[PDB]
*Asks:* 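My structure is below; once you've seen it, I'll send some questions.
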Amino acid sequence: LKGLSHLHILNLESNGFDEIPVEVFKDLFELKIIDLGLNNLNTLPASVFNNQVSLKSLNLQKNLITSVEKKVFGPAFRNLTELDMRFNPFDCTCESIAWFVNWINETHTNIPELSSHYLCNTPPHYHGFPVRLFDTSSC
RNA sequence: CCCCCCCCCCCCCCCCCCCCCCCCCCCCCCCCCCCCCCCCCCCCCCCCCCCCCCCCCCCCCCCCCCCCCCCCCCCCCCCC
């Protein structure tokens, strides 16, 4: 993907990806839509979406993602229009989704089916509970 | 100067088997859209038929009144 300065739409859905190299998206400054759903992604390297300063739509549904952290999704979640991370095994813990749930609480990005398909998986106390109802007052 | 036999390690290639990953096809279930047919409920429309009510018309019947015509009967007076 190097040198594709004018790339706008990238679709990499359902390729079986387990890990993403940190510097695969570094040249894609004008990228607006990236689709990475239906892969096997769980852990992402930090600063992998740093150069995506014009990203408007991120799709990561039906992956194995458990934690959404600022060091990875910070620049990606800056100015979005649509977010799609629905069917993921979210780990509802203060070090996994606390920044993400705070971001969900105040944001203008459209997140469809937020109250139904964003469900905790672990710990068993939270299994099945909505991610948006996680309480961060004791973090 | 010259062959053969063992040892370790590195390989190459052809098969077998097991793994993840993906594609295509199919099956099961569910959902959505469309089409067709059918049932149920309610509000109606038009037409036909039957019945009833009101009003009116025409005809007829019964009774009564008026006029005209006709007939009978009673008083009274003259003419020859």
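We name chains A, B, ... by the order of the sequence lines, and we start the count at 1 in each one. Values below: all heavy atoms of this structure, side chains included; hydrogens, waters and symmetry mates excluded.
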*Asks:* Rounded to the nearest 0.5 Å, how far does CD1 of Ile9(A) lie from OG of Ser57(A)?
*Replies:* 9.0 Å

*Asks:* Write down the atom of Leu1(A), the atom of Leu28(A), and the distance for their closest heavy-atom approach.
*Replies:*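 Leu1(A) and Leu28(A) have their closest heavy atoms at O-CD2, 3.5 Å.
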
*Asks:* Just jot down the side chain to side chain donor-acceptor pair (under 3.5 Å) partners of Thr136(A), sequence neighbours excluded, or say none.
*Replies:*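 By the side chain to side chain donor-acceptor pair (under 3.5 Å) rule, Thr136(A) matches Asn102(A).
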
*Asks:* Kindly work out whether a path of hydrophobic side-chain contacts (I/L/V/M/F/W/Y, heavy atoms less than 4.5 Å apart) joins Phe90(A) to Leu38(A).
*Replies:*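 Different clusters.
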
*Asks:* What distance separates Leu60(A) CG from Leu44(A) CG, expressed to the nearest 0.5 Å?
*Replies:* 7.0 Å

*Asks:* Between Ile34(A) and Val53(A), is there a shared hydrophobic cluster once you connect ILVMFWY residues whose side-chain heavy atoms come closer than 4.5 Å?
*Replies:* no

*Asks:* Would you indicate whether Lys26(A), at its atom NZ, is surrounded by more than 12 heavy atoms from other residues, nucleotides or ligands within a distance under 6.0 Å?
*Replies:*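 Not more than 12 within 6.0 Å, no.
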
*Asks:* Parallel, tilted or perpendicular for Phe25(A) and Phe49(A), by the 30°/60° rule?
*Replies:* parallel

*Asks:* Quick one: which residue pairs count as a salt bridge (charged side-chain N to carboxylate O under 4.0 Å, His left out) with a foot in residues 116-139 of chain A, not counting sequence neighbours?
*Replies:*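 Listed once each, the pairs would be none.
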
*Asks:* Determine whether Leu4(A) and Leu36(A) fall in the same hydrophobic cluster, where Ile, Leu, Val, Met, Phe, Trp and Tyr are linked whenever their side-chain heavy atoms lie under 4.5 Å apart.
*Replies:* yes

*Asks:* Kindly say whether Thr109(A) contributes a backbone atom to a donor-acceptor pair with the side chain of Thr81(A) at under 3.5 angstrom?
*Replies:* no

*Asks:* Going by disulfide bond (SG atoms under 2.5 Å apart), name the pairs with one or both residues in residues 23-106 of chain A, residues two or more places apart or in two chains.
*Replies:*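 Applying disulfide bond (SG atoms under 2.5 Å apart) to every pair that reaches into residues 23-106 of chain A, excluding sequence neighbours, yields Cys92(A)-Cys120(A).
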
*Asks:* Looking at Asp27(A) and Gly3(A), would you say the former's side chain and the latter's main chain have a donor-acceptor pair under 3.5 Å?
*Replies:*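 Side chain of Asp27(A) to backbone of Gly3(A): a pair is present.
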
*Asks:* Any chance you could measure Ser115(A), atom OG, to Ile104(A), atom CD1, to the nearest 0.5 Å?
*Replies:* 9.5 Å

*Asks:* Is there side-chain contact between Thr66(A) and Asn121(A), with heavy atoms separated by less than 4.5 Å?
*Replies:*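 Answer no - side chains too far apart.
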
*Asks:* What residue pairs, at least two apart or across chains, pass side chain to side chain donor-acceptor pair (under 3.5 Å) with a residue in residues 40-52 of chain A?
*Replies:*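 Non-adjacent pairs meeting side chain to side chain donor-acceptor pair (under 3.5 Å): zero.
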
*Asks:* Would you name the heavy atoms of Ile33(A) and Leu31(A) that are closest together and state the gap between them?
*Replies:* O-CD1, 3.8 Å

*Asks:* Cluster question for you: counting only ILVMFWY and a side-chain heavy-atom cut-off of under 4.5 Å, with indirect links fine, are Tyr126(A) and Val131(A) together?
*Replies:* yes

*Asks:* Taking all heavy atoms of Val72(A) and all of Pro75(A), pick out the closest pair and write down the distance.
*Replies:*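 Taking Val72(A) first and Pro75(A) second, the nearest heavy atoms are O-CD, 4.2 Å.
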
*Asks:* Working to the nearest 0.5 Å, report the span between CG of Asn39(A) and CG of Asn59(A).
*Replies:* 10.0 Å

*Asks:* Quick one: side chain to side chain donor-acceptor pair (under 3.5 Å) pairs with a partner in residues 9-25 of chain A, sequence neighbours left out?
*Replies:*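 Sorted result for residues 9-25 of chain A: empty, none.
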
*Asks:* What distance do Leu41(A) atom CG and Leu64(A) atom CG have between them, rounded to the nearest 0.5 Å?
*Replies:* 8.0 Å

*Asks:* Can you name the nearest heavy-atom pair linking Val68(A) to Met85(A), along with the distance?
*Replies:* CG2-CE, 3.7 Å

*Asks:* On a heavy-atom basis, which atom in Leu80(A) and which in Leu55(A) lie closest, and how many Å separate them?
*Replies:* CD2-O, 3.9 Å

*Asks:* Do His127(A) and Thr122(A) make a side-chain contact, defined as non-hydrogen atoms from C-beta onward lying under 4.5 Å apart?
*Replies:* no

*Asks:* Near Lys32(A) NZ, under 6.0 Å, is it more than 12 heavy atoms from other residues, nucleotides or ligands?
*Replies:* no

*Asks:* Which atoms form the tightest heavy-atom contact between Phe134(A) and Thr93(A), and what is the distance?
*Replies:*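 In this case the closest contact between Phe134(A) and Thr93(A) is CZ-C, 3.8 Å.
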
*Asks:* Parallel, tilted or perpendicular: which describes the rings of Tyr118(A) and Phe100(A), with under 30° parallel and over 60° perpendicular?
*Replies:*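 Taking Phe100(A) first and then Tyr118(A), their aromatic rings sit tilted (interplane angle of 30° to 60°).
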
*Asks:* When clusters are formed by joining ILVMFWY residues with side-chain heavy atoms under 4.5 Å apart, either directly or through shared neighbours, do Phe77(A) and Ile111(A) land in the same one?
*Replies:* yes

*Asks:* Salt bridge (charged side-chain N to carboxylate O under 4.0 Å, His left out): which pairs involve residues 77-100 of chain A, sequence neighbours left out?
*Replies:* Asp84(A)-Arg86(A), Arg86(A)-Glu113(A)

*Asks:* Classify the angle between the aromatic ring planes of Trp103(A) and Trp99(A) as parallel (below 30°), tilted (30 to 60°) or perpendicular (above 60°).
*Replies:* parallel

